[PDB]
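*Asks:* Requesting a structural model of the entry that follows:
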Amino acid sequence: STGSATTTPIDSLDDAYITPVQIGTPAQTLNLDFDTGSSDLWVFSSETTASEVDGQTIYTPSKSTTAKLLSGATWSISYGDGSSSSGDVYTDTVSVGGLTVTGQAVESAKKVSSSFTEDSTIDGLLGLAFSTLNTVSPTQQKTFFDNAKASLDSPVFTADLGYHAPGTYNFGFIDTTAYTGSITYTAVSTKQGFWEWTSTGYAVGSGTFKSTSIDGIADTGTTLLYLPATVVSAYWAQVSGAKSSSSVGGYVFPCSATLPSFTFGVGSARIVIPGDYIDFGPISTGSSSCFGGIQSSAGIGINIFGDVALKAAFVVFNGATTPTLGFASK
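*Replies:* Residues are numbered from 1 along each chain as shown. The protein structure is shown below:
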């Protein structure tokens, strides 16, 4: 089997991407944030505290003939941004663009933190990291991909995120028309539950490529590119007036600047992030100071190849017995 669904930026800055997902019978379509950095499929629901729902579409398990409460199961998750959610669990039928999993754990939110309530465009998350990170207790549950893997033509999914434009998640096949050149595959460590890999270096604009190992995770659920402070300083040094602001929480730059590209290494191959992809706009409405899309990972404990980096590539999440990651230019 295969599936294919279009993923769309939620706003003009590509702050996140939403993909329609059909849950239950008859189908209830929710727009979920596909997140290769987490492993819970959770949704706003008829059980979510009413004051914490503000425009999201909700899953109502009582209206689904295939929903069954997973008795005694609860979930609770916290994300890198200070955000949190928790609730109970149903199993139900879940489909993504033609690909159907029966008995998928659908985690129904009873509580969500402020940042989720305040984002009316995201109805929940669909985790695509390894199932070892799933938070359901006392019986950990499998991700949508884990449940679908055996039925797929090939045990893979691909992320083709667009810059200020729609893109595609495919399950079970590699669309060889979607990228240029070849796909370079690179080893993955699953020990932390992430798609964790090692970039071979970087370049700033047309500058010299620096060969240096950068361990990090491929995370479609993180907006920006978080890299070591030395690398980030080298990048912003090329932007007149750019500076790290402790008040704002990262590197800012004059909105009038034209940003250089940033290249990262995948084995001997190179992925080029155009400068425009690194502009996240005014720090507050009407400001002439703009927020940078490359930021230091110092206060994270891990480097994160988030959407800023991944959208510059066609990315293969290969879930074979020994998982690997593939990157192609596009």
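*Asks:* tell me, what residue is most central in the chain?
*Replies:* With distances taken as C-alpha atoms, centre = their mean, residue 220 lies nearest the centre of the chain, 1.8 Å away.
*Asks:* so what's that one up against?
*Replies:* 17, 34, 35, 36, 37, 128, 159, 161, 306, 307, 310 (C-beta atoms under 8 Å, 6 or more residues apart in numbering). C-beta: built from backbone N, CA, C; applies to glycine.
*Asks:* CA atoms only for stretch 55-65, dumped as PDB, please.
*Replies:* In PDB, the C-alpha atoms belonging to stretch 55-65 read as follows (Å, rounded to 0.1, in the frame of the first residue of the first chain):
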ATOM      1  CA  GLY A  55     -11.300  27.500  16.600                       C
ATOM      2  CA  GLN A  56      -9.700  24.000  16.300                       C
ATOM      3  CA  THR A  57     -11.600  21.100  14.700                       C
ATOM      4  CA  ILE A  58     -12.300  18.400  17.300                       C
ATOM      5  CA  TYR A  59     -12.500  14.700  17.100                       C
ATOM      6  CA  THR A  60     -15.600  13.300  18.800                       C
ATOM      7  CA  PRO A  61     -15.100   9.600  19.500                       C
ATOM      8  CA  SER A  62     -18.700   9.100  20.500                       C
ATOM      9  CA  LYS A  63     -19.700   9.800  16.800                       C
ATOM     10  CA  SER A  64     -17.300   7.200  15.400                       C
ATOM     11  CA  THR A  65     -18.600   3.700  15.100                       C
END
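*Asks:* got a list of contacts for it?
*Replies:* By C-beta under 8 Å, 6+ apart, stretch 55-65 touches 23-26, 28-31, 43-46, 48, 67, 69, 90, 92, 106, 108, 120, 122-124.
*Asks:* Give me the buried subset of these.
*Replies:* 23-24, 28, 30-31, 43-45, 48, 67, 90, 92, 106, 108, 122-124 (16 or more other C-beta atoms under 10 Å).
*Asks:* Which ones among the residues you listed lie within strands?
*Replies:* Applying DSSP state E to the buried ones among the contacts of stretch 55-65, the entries found in strands are 23, 28, 30, 31, 43, 90, 92, 106, 108, 124.
*Asks:* any chance of those residues in CSV, plus distance to residue 83?
*Replies:* As requested, these are arranged in CSV below (distance: C-beta to C-beta, whole Å):
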residue, distance to residue 83
23, 22
28, 23
30, 18
31, 17
43, 15
90, 22
92, 24
106, 19
108, 17
124, 12
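*Asks:* separation between the residue nearest to the centre of the chain and residue 280?
*Replies:* 17 Å (C-beta to C-beta, to the nearest Å).
*Asks:* Kindly report the same for residue 59.
*Replies:* 31 Å.
*Asks:* out of the two, which sits in the more crowded spot?
*Replies:* Set residue 59 next to residue 280 and count neighbours by other C-beta atoms under 10 Å: residue 59 wins out with 29 against 21.
*Asks:* circling back: switch the contacts of residue 220 over to JSON lines; also include distance to residue 181 and neighbour count.
*Replies:* Shown next, in JSON lines, are these (distance: C-beta to C-beta, whole Å; neighbours: other C-beta atoms under 10 Å):
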{"residue": "17", "distance to residue 181": "24", "neighbour count": "28"}
{"residue": "34", "distance to residue 181": "25", "neighbour count": "25"}
{"residue": "35", "distance to residue 181": "28", "neighbour count": "23"}
{"residue": "36", "distance to residue 181": "23", "neighbour count": "28"}
{"residue": "37", "distance to residue 181": "27", "neighbour count": "24"}
{"residue": "128", "distance to residue 181": "25", "neighbour count": "27"}
{"residue": "159", "distance to residue 181": "17", "neighbour count": "23"}
{"residue": "161", "distance to residue 181": "18", "neighbour count": "25"}
{"residue": "306", "distance to residue 181": "23", "neighbour count": "25"}
{"residue": "307", "distance to residue 181": "21", "neighbour count": "25"}
{"residue": "310", "distance to residue 181": "17", "neighbour count": "24"}
